[PDB]
Amino acid sequence: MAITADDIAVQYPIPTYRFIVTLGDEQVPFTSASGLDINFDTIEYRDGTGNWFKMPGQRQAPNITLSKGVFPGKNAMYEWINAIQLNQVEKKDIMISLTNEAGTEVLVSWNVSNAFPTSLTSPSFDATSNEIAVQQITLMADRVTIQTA
Amino acid sequence: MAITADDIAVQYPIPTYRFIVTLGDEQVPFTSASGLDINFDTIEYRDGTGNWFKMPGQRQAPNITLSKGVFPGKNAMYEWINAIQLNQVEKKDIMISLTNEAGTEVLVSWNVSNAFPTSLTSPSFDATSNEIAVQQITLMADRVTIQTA
Amino acid sequence: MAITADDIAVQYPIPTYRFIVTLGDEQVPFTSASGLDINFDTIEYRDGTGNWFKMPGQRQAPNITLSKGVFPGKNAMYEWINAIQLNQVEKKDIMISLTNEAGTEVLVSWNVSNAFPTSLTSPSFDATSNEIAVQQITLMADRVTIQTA
Amino acid sequence: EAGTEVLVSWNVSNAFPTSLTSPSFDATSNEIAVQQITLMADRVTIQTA
Amino acid sequence: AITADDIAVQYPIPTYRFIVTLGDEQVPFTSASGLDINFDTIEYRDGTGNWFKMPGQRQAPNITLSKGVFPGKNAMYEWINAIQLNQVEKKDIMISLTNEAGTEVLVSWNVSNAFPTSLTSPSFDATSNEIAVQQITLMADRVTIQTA
Amino acid sequence: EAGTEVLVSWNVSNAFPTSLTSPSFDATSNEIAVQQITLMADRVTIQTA
Amino acid sequence: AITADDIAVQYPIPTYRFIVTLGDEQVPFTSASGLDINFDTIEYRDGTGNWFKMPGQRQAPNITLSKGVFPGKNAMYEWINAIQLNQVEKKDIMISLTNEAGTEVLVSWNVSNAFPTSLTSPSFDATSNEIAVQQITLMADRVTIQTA
Amino acid sequence: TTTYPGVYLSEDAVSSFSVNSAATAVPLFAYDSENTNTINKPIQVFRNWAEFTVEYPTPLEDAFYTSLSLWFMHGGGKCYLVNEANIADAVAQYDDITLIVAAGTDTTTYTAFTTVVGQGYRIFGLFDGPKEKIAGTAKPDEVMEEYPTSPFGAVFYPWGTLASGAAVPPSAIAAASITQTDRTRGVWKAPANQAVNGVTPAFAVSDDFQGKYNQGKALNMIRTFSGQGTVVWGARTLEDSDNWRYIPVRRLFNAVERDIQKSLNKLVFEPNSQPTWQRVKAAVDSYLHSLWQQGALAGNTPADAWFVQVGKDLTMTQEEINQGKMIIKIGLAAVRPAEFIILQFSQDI
Amino acid sequence: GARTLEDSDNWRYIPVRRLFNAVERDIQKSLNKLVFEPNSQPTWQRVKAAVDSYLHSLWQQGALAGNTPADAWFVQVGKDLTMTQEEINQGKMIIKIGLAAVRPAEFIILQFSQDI
Amino acid sequence: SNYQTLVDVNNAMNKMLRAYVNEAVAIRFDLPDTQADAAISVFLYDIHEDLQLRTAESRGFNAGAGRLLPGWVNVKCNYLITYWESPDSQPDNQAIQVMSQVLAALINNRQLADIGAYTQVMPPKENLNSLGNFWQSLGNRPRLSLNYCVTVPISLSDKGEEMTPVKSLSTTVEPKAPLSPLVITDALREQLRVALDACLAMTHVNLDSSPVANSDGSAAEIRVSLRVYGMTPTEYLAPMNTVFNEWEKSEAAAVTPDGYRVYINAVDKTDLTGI
Amino acid sequence: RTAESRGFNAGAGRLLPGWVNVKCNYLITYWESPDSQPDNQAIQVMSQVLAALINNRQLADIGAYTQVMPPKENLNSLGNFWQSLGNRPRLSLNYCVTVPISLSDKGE
Amino acid sequence: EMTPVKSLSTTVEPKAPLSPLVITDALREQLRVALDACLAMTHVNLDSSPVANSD
């Protein structure tokens, strides 16, 4: 029950657009950011007497997607996917925080520990479309946490 | 036949929006709630003389989905998926009741016994959309019952 | 040919909405009713000289679907799926007749012999939709017949 | 147009039924109750006249 | 109308609901197989054409059971560790197909003097979401089917 | 399909059981308990009528 | 309400979290199987009908372990290369199902006097995205299960 | 008497029979009014053996006691003891009695059986024969003058001599082959070749003795054989007409007329109009297709087996709709037993 | 021997007494976390589905008698069931449960004979 | 009982809305054509039948008076509330402190004096394209409107159907022969064919059969009511009427296959229609 | 419409004209010409118009096919019709009927 | 004006293993013998709910 014993002000959920992403040691302006999920996969054990046992298992590896327009200048997402020799890749932290209207207060953030790139698409070079050239990068990491403040 | 022997007043089915969900020991305002199904899977035995035998089997484990906007403050759905060490997770009751217009009378409710989380998605951090940041949590449980009052 | 030797009045097919369904020993008002099909599966035998032999085989088990809004009061579809212990379930007849405009004359009906429930869904508890809360029940039976009168 | 002259026809030899559906008994639709029947046969020929 | 008290008389029985009475205790198992009744064959032919076919002597059943590993005390290790060159506590196995409540037997497979001959460890794999399952195999002398 | 007249039959003269297998008990399976008996005989005869 | 301290008492244990103590050191392995307890069977029949079934003598376990190839020093090559016609450093194997932190044993499988009998190279393939995995097989005399 | 929580030992000689009943065999063990051994309750219900030796804890020898004891040892569920002057009162009151067995009883059970048949309760009577030996110079039209000429009864001559030496009335042997046949093969199969265990006939019957008692009033011998021992041998009622000869087709139409009467009383207070005449016609049709499928009717299509009609110009009139009366006329073809197997041999191939 | 100090037909047998101590206390500790709720009809529901979820965990592990959950327990709480309007207005929630427990087999009578 | 008619919905919209709107404005029920009063003007604009709330109802009976009850329909009413008036231009308008207590009446009444209705209060359905068309049909003057949707059952006409309850039931089961009506009909065709180019004559006659109950039947002796329909040549309809008339009243049945003896009560013959 | 096959007579030997079936689509209003009460004169007439439609799902043409009051119109679409009347909105009730109409008749 | 809970009473009493289904379908042929009577009480239903039965 809403048993606060007095009237409580209503809250609306904060919009998707006011967010902020830092790869790690720098802040990058992106357009989209998806797939920051905590996923477990269950383990079960059914029994002859009839008691089902349901449990969590391992926590699955996230597959984060980030997209951004193509700008004149240095491609910072290519200089990080270029520098791979056979297992060597420089892992990075990712934080995708979710600010207020002015942007001076972080409210909820999603923290990603060792994200390295696996792919980097080209834009759709379509001559028949007056549209921004975007490119997606897909990361793989090992854990996602949420901190609230 | 509608053999009540006198005219009976008509009833319309009660809408989806007027519902109420308590995880267990607290009431949480959600946006959506799905997948509270009783599912059996059949067992069959065909025979040479020709009599088919059809039976129910086990009752399948439900896979409940719950979504909610992302608010400034404490994430109560993350503090319950954070606290997992390898099979340890605190199971909870779920009740999704379905009230009248004023909300002071429960009419039909759906009861869920030991629901633990398996996943918790992030919002779609899309900068090009004036829209609420939601997040889904998917639970797994063992039985679903209905009580009517 | 339309060789009736005199002008015959035209008939239009009777609409889907004017129907009537009784589970067995009672009449229940539903919203939808599907999957009352006679289905065979063929048996073939090709031969070296070249004659193909095509035959019917067994007649498949129907998988009937019935949906209905959720009303305040006793759930009669739950009290029939609740009472299952491991193969025990009370089978029932189903008749879905198809009346005239006044509803006082059955025209064509579909008869179902031993239908027991296998599933019973919950409504889509969506808070953002001004809409009726429905729930589907899926039955399995053994034969479907049609009687015309 | 008048229906008194066959133009092209499709001929099917030994067709037997395999299925016969029920209508979609939907109470929320002002619509004709149809039913499909599916046949299986062995050859199809075309004669033109 | 099938009136489910008639389902309890003339419909067959599934295999997912069973109680294993192991000596004087009930132990929860996941699987149970191998409770067969097998005979040998005697044959005899003469020159005139008479073939004589006869059942031989029945051989021993080999019953395999499997259950999960629980954090407490391992009761199946404590019964295969107490082997001293001949000496094993033989037990009576009862595997009964039961109702859903678990309180009455539909049909049972009884096993007379069983003793363990093997006990397999679970397969440890760091990339697998499975339950640790031990699998014990038993050897006995007689398999009896009581129906009630 | 009625069960009242033989199309073709396989006859077996002097059969006696040599094995009888128990069903496989599994707590995670929706199956029917099936016993399987094997027989041994001396002659197989096919009558057709 | 299941109150996860009760999950640590009465729910079963998965197989993805295990510590392998190899002699006096911990070595990270990927897989571990074959820690069985197998007996033989003695049989005796007389003409009156008495069948006598007895456990024989238990035979040796064959434990197989597998881990990945790391750029440093190969500790499993250094233990199978030190064979001089009889002479091998026997080691005590301990494979313990552990909690997620890695600090307390749920149930353990102990192995008394193990020595290596084989060590397989990884399969080199130019069209494969896999990790180089060596697989060592061990031979011992006793398998012990301690539960705590 | 049990005092301490241990395990008790005794050697009081007791017996106990299990229950393997069928719902279509609920008899009425009518006994004589000239009997002081019975409990003076005029009607009483016996659901199993372990309740029957509470009322009667000591083994008697009288004809009501060797009839019930030979009932319960072949399965047998609930069953009734009624006085011979009260069987019309008990048939009309318990609604599940499917048999009337005269356990050593005549001259008024024969009367009061004809009472309830004219009232149409769908009962099947099982009578007795002579207790002392029929000669052979008997002229069978003088022996079966006593018996009713109704198709709902059969007679079964040779009396029983079960292992304790006591006499069994042969209405109980013939009702013991009905428990084991309705359980096993159904109500439509003739009760003849089923073996009733633990009884032997008092006399012996040659094949040429039964041949004159077969047609007419059909005395239905109890005969022993090497193999299927002490079966009943003959399955004919007290009327040799071509539809109500053969005991099984009569009980096949009792249970049809009663399973449709109990399945369609749950349709009263419906409007007596054309939707009701449909859900009658598809409730009868669904029952008989469950019955045709398990081998109880004849013909190899459901159009060969049954028909049913109910409606406006079919079987009713507007004079009868307006006073309520629903008339449901069914016609259905049952199977016949193979009674005579003629082997004709020769010498040429 | 497993009997208490009273030979009445419900409080004979030590185990059924301790079976109702732990039932009366596990429902008392599971429903004190519902105080300060409004004493109205939604509260009487989530009482009735909290008691019912506990006893179905208890029926499933072989502690009650009867082979359906309708055979085992019942519970009632509400307006005309077990309370009055005099008792709603002073707070008092009354939750009356009734449940059937199992009995031990105390005497095993073996009666032997000579005939088969 | 629960069947509220359509004037009963307008009176339900005036009781709910007088209670919150000020006592001296007006509650008007048309569009205004010098108005001299404010008049918020509740306006109904379509009464389409709500398909989504109808079911497979089964036309209930009475059984005490023996009468069938009229099976209703339920339509959806779709009001919209404005504020005509007839400067005011302040954030605290006179025009918007009246439209503040119009929607406050709607917000509180999600369940009317018609307590068994189904209401959508202020749906998001209209659009600036669609409002721009309505603002022209008013005569080019835009306002602020509040739509409000209500469904309600309206019962049919009432006539005395007068069916009777059942109250008694007779069931009689008689023996029959194993003939199908198919085996009967296709035996009467080459039974008739021999009763006469005759195969060409009776090609398009059909003669469906239905077995009469035959009050005292037997294991033989099925009894059948015919109805003959179809088409025949000109000359052959006259000899066929004799073989129909002897079948109807015959001492020894008709064509019988293998001892069954099919019997006939009525030939009927309404539809032969010889060309 | 179906795949009808142009029926014959065979007594007079003539082919029968093979019809078509069109859909008629009425709509009923209330012009009149204050009244402004919840019990209008204008709405106690439109209460007995739809009561006539509700009862007649099967006309004097008993072999028709009728949709009584379909949900098809919209405030965008009603707003166009209310202008073509000359800018005066009303309450209308649509009503749909199909019916067969036979072709011409000649002696085939 | 609802009131808070502030106190809670729980009383658990022994019962028989009868279901309300086993009770209701015993009162039908208990009543049937209390009287064509099977045709008479066909459409009466008589649902049951077990009272707590204080002792």
# chains A, B, ... in the order shown; residues from 1 in each chain; ligands from 1
>>> select_by_dssp(residues="segment 15-120 of chain B", states="strand (DSSP E)", output="PyMOL selection string")
chain B and resi 20-22+32-34+38-39+43-45+53-55+63-69+92-99+106-120
>>> interface_residues(of="chain G", to="chain B", cutoff="10 Å", atoms="only C-alpha atoms", output="VMD selection string")
chain G and resid 1 to 8 11 to 14 16 to 17 98 to 101
>>> interface_residues(of="chain K", to="chain D", cutoff="10 Å", atoms="only C-alpha atoms", output="PyMOL selection string")
chain K and resi 4-6+15+17-18+65-68+70+108
>>> write_last_selection(atoms="N, CA, C and O atoms", output="mmCIF file, in the first residue's frame")
data_model
loop_
_atom_site.group_PDB
_atom_site.id
_atom_site.type_symbol
_atom_site.label_atom_id
_atom_site.label_comp_id
_atom_site.auth_asym_id
_atom_site.auth_seq_id
_atom_site.Cartn_x
_atom_site.Cartn_y
_atom_site.Cartn_z
ATOM 1 N N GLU K 4 -20.646 -18.762 -59.140
ATOM 2 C CA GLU K 4 -21.925 -19.310 -59.560
ATOM 3 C C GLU K 4 -21.843 -19.710 -61.032
ATOM 4 O O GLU K 4 -20.992 -19.226 -61.778
ATOM 5 N N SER K 5 -22.723 -20.624 -61.447
ATOM 6 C CA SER K 5 -22.537 -21.359 -62.688
ATOM 7 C C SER K 5 -23.684 -21.211 -63.681
ATOM 8 O O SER K 5 -23.835 -22.094 -64.523
ATOM 9 N N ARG K 6 -24.481 -20.136 -63.609
ATOM 10 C CA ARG K 6 -25.400 -19.707 -64.679
ATOM 11 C C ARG K 6 -26.454 -20.778 -64.991
ATOM 12 O O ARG K 6 -26.350 -21.544 -65.951
ATOM 13 N N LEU K 15 -31.477 -20.415 -70.287
ATOM 14 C CA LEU K 15 -30.537 -19.998 -69.256
ATOM 15 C C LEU K 15 -31.066 -18.777 -68.526
ATOM 16 O O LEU K 15 -31.563 -17.835 -69.143
ATOM 17 N N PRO K 17 -30.818 -15.538 -65.745
ATOM 18 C CA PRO K 17 -29.858 -14.423 -65.669
ATOM 19 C C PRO K 17 -29.084 -14.407 -64.355
ATOM 20 O O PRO K 17 -29.670 -14.466 -63.274
ATOM 21 N N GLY K 18 -27.756 -14.317 -64.456
ATOM 22 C CA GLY K 18 -26.882 -14.446 -63.302
ATOM 23 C C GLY K 18 -26.569 -13.147 -62.588
ATOM 24 O O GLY K 18 -25.743 -12.366 -63.055
ATOM 25 N N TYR K 65 -28.292 -9.068 -46.254
ATOM 26 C CA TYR K 65 -27.171 -9.211 -45.331
ATOM 27 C C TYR K 65 -26.845 -7.819 -44.815
ATOM 28 O O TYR K 65 -26.367 -6.979 -45.576
ATOM 29 N N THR K 66 -27.103 -7.576 -43.533
ATOM 30 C CA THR K 66 -27.123 -6.233 -42.977
ATOM 31 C C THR K 66 -26.039 -6.046 -41.925
ATOM 32 O O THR K 66 -25.859 -6.898 -41.051
ATOM 33 N N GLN K 67 -25.329 -4.924 -42.013
ATOM 34 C CA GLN K 67 -24.547 -4.380 -40.912
ATOM 35 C C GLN K 67 -25.317 -3.198 -40.350
ATOM 36 O O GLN K 67 -25.682 -2.288 -41.098
ATOM 37 N N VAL K 68 -25.568 -3.205 -39.041
ATOM 38 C CA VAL K 68 -26.567 -2.294 -38.492
ATOM 39 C C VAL K 68 -25.982 -0.910 -38.266
ATOM 40 O O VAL K 68 -26.392 0.053 -38.918
ATOM 41 N N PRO K 70 -22.148 0.211 -38.100
ATOM 42 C CA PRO K 70 -20.736 -0.142 -38.055
ATOM 43 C C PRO K 70 -19.905 0.977 -37.451
ATOM 44 O O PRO K 70 -20.332 2.140 -37.429
ATOM 45 N N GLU K 108 -32.339 -17.201 -73.926
ATOM 46 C CA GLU K 108 -31.103 -17.838 -74.365
ATOM 47 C C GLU K 108 -31.393 -19.064 -75.211
ATOM 48 O O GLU K 108 -30.796 -19.236 -76.282
#
>>> residues_around(residues="residue 8 of chain J", least_positions_apart="4", cutoff="10 Å", atoms="only C-alpha atoms", output="VMD selection string")
(chain J and resid 3 to 4 12 to 13 113 to 114 152) or (chain K and resid 38 to 39)
>>> write_last_selection(atoms="N, CA and C atoms", output="PDB file, in the first residue's frame")
ATOM      1  N   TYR J   3     -30.936  -2.482 -18.533  1.00  0.00           N
ATOM      2  CA  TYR J   3     -30.960  -1.933 -19.881  1.00  0.00           C
ATOM      3  C   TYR J   3     -31.300  -0.451 -19.810  1.00  0.00           C
ATOM      4  N   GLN J   4     -30.285   0.407 -19.865  1.00  0.00           N
ATOM      5  CA  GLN J   4     -30.510   1.843 -19.899  1.00  0.00           C
ATOM      6  C   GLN J   4     -30.605   2.310 -21.339  1.00  0.00           C
ATOM      7  N   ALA J  12     -27.962  10.893 -17.382  1.00  0.00           N
ATOM      8  CA  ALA J  12     -26.814  10.497 -16.584  1.00  0.00           C
ATOM      9  C   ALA J  12     -25.632  11.427 -16.771  1.00  0.00           C
ATOM     10  N   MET J  13     -25.570  12.131 -17.901  1.00  0.00           N
ATOM     11  CA  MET J  13     -24.540  13.125 -18.160  1.00  0.00           C
ATOM     12  C   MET J  13     -24.881  14.494 -17.593  1.00  0.00           C
ATOM     13  N   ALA J 113     -24.001   7.355 -12.827  1.00  0.00           N
ATOM     14  CA  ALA J 113     -25.254   6.821 -12.300  1.00  0.00           C
ATOM     15  C   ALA J 113     -25.625   5.506 -12.974  1.00  0.00           C
ATOM     16  N   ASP J 114     -25.249   5.338 -14.242  1.00  0.00           N
ATOM     17  CA  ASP J 114     -25.225   4.033 -14.885  1.00  0.00           C
ATOM     18  C   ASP J 114     -24.009   3.266 -14.397  1.00  0.00           C
ATOM     19  N   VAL J 152     -23.305   1.277 -23.275  1.00  0.00           N
ATOM     20  CA  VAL J 152     -24.493   1.004 -22.472  1.00  0.00           C
ATOM     21  C   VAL J 152     -25.340  -0.014 -23.232  1.00  0.00           C
TER      22      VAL J 152
ATOM     23  N   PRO K  38     -31.554  17.519 -21.768  1.00  0.00           N
ATOM     24  CA  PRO K  38     -31.137  16.122 -21.965  1.00  0.00           C
ATOM     25  C   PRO K  38     -32.227  15.240 -22.535  1.00  0.00           C
ATOM     26  N   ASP K  39     -33.492  15.568 -22.284  1.00  0.00           N
ATOM     27  CA  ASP K  39     -34.620  14.933 -22.955  1.00  0.00           C
ATOM     28  C   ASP K  39     -35.069  15.844 -24.097  1.00  0.00           C
TER      29      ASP K  39
END
>>> closest_atom_pairs(of="chain L", to="chain C", cutoff="12 Å", atoms="only C-alpha atoms", output="CSV")
residue,atom,partner,partner_atom,distance
L:21,CA,C:83,CA,10.7
L:42,CA,C:25,CA,11.1
L:43,CA,C:25,CA,10.6
>>> residues_around(residues="segment 42-45 of chain D", least_positions_apart="4", cutoff="12 Å", atoms="only C-alpha atoms", output="ChimeraX atom specification")
/C:44,46,50-55 /D:8-16
>>> residues_around(residues="residue 95 of chain I", least_positions_apart="3", cutoff="6 Å", atoms="only C-alpha atoms", output="list in words")
residues 77 of chain I; 9 and 10 of chain L
>>> write_last_selection(atoms="N, CA, C and O atoms", output="PDB file, in the first residue's frame")
ATOM      1  N   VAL I  77     -11.251 -15.104   6.423  1.00  0.00           N
ATOM      2  CA  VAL I  77     -11.041 -13.796   7.033  1.00  0.00           C
ATOM      3  C   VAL I  77     -11.876 -12.773   6.271  1.00  0.00           C
ATOM      4  O   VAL I  77     -11.884 -12.754   5.036  1.00  0.00           O
TER       5      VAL I  77
ATOM      6  N   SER L   9      -5.171 -11.915  15.113  1.00  0.00           N
ATOM      7  CA  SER L   9      -5.442 -13.159  15.815  1.00  0.00           C
ATOM      8  C   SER L   9      -5.448 -14.306  14.819  1.00  0.00           C
ATOM      9  O   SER L   9      -6.039 -14.193  13.744  1.00  0.00           O
ATOM     10  N   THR L  10      -4.792 -15.403  15.176  1.00  0.00           N
ATOM     11  CA  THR L  10      -4.698 -16.570  14.312  1.00  0.00           C
ATOM     12  C   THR L  10      -4.985 -17.798  15.156  1.00  0.00           C
ATOM     13  O   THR L  10      -4.325 -18.014  16.176  1.00  0.00           O
TER      14      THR L  10
END
>>> closest_atom_pairs(of="chain B", to="chain J", cutoff="10 Å", atoms="only C-alpha atoms", output="CSV")
residue,atom,partner,partner_atom,distance
B:1,CA,J:60,CA,5.7
B:2,CA,J:60,CA,3.9
B:3,CA,J:61,CA,5.2
B:4,CA,J:62,CA,7.0
B:5,CA,J:62,CA,4.1
B:6,CA,J:62,CA,5.8
B:7,CA,J:1,CA,6.8
B:8,CA,J:1,CA,7.4
B:9,CA,J:2,CA,5.0
B:10,CA,J:2,CA,6.6
B:11,CA,J:116,CA,6.8
B:12,CA,J:118,CA,7.0
B:13,CA,J:53,CA,8.2
B:14,CA,J:118,CA,8.7
B:15,CA,J:118,CA,9.0
B:101,CA,J:110,CA,7.0
B:102,CA,J:110,CA,9.0
>>> write_last_selection(atoms="C-alpha atoms", output="CSV table (one decimal), in the first residue's frame")
chain,number,residue,atom,x,y,z
B,1,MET,CA,-29.2,-21.4,-21.7
B,2,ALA,CA,-29.5,-18.2,-19.7
B,3,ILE,CA,-32.0,-20.0,-17.5
B,4,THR,CA,-31.9,-17.7,-14.5
B,5,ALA,CA,-35.8,-17.5,-14.7
B,6,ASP,CA,-35.7,-13.6,-14.5
B,7,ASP,CA,-33.8,-10.8,-16.2
B,8,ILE,CA,-30.1,-10.7,-15.2
B,9,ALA,CA,-28.1,-7.5,-15.4
B,10,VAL,CA,-25.2,-7.4,-17.9
B,11,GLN,CA,-21.6,-7.4,-16.9
B,12,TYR,CA,-18.7,-5.9,-18.8
B,13,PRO,CA,-15.2,-7.3,-18.4
B,14,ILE,CA,-13.0,-5.2,-16.2
B,15,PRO,CA,-10.2,-3.2,-17.9
B,101,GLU,CA,-12.9,1.8,-10.2
B,102,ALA,CA,-12.1,3.2,-6.7
>>> residues_around(residues="segment 64-75 of chain I", least_positions_apart="5", cutoff="7 Å", atoms="only C-alpha atoms", output="ChimeraX atom specification")
/E:101 /I:48,59,96-102 /L:17-20
>>> select_by_dssp(residues="chain I", states="helix (DSSP H, G or I)", output="PyMOL selection string")
chain I and resi 14-26+32-34+41-60+69-72+85-88
>>> residues_around(residues="residue 137 of chain E", least_positions_apart="3", cutoff="12 Å", atoms="only C-alpha atoms", output="number ranges by chain")
E: 31-35, 61-67, 76, 80, 114-120, 134, 140; G: 36-40
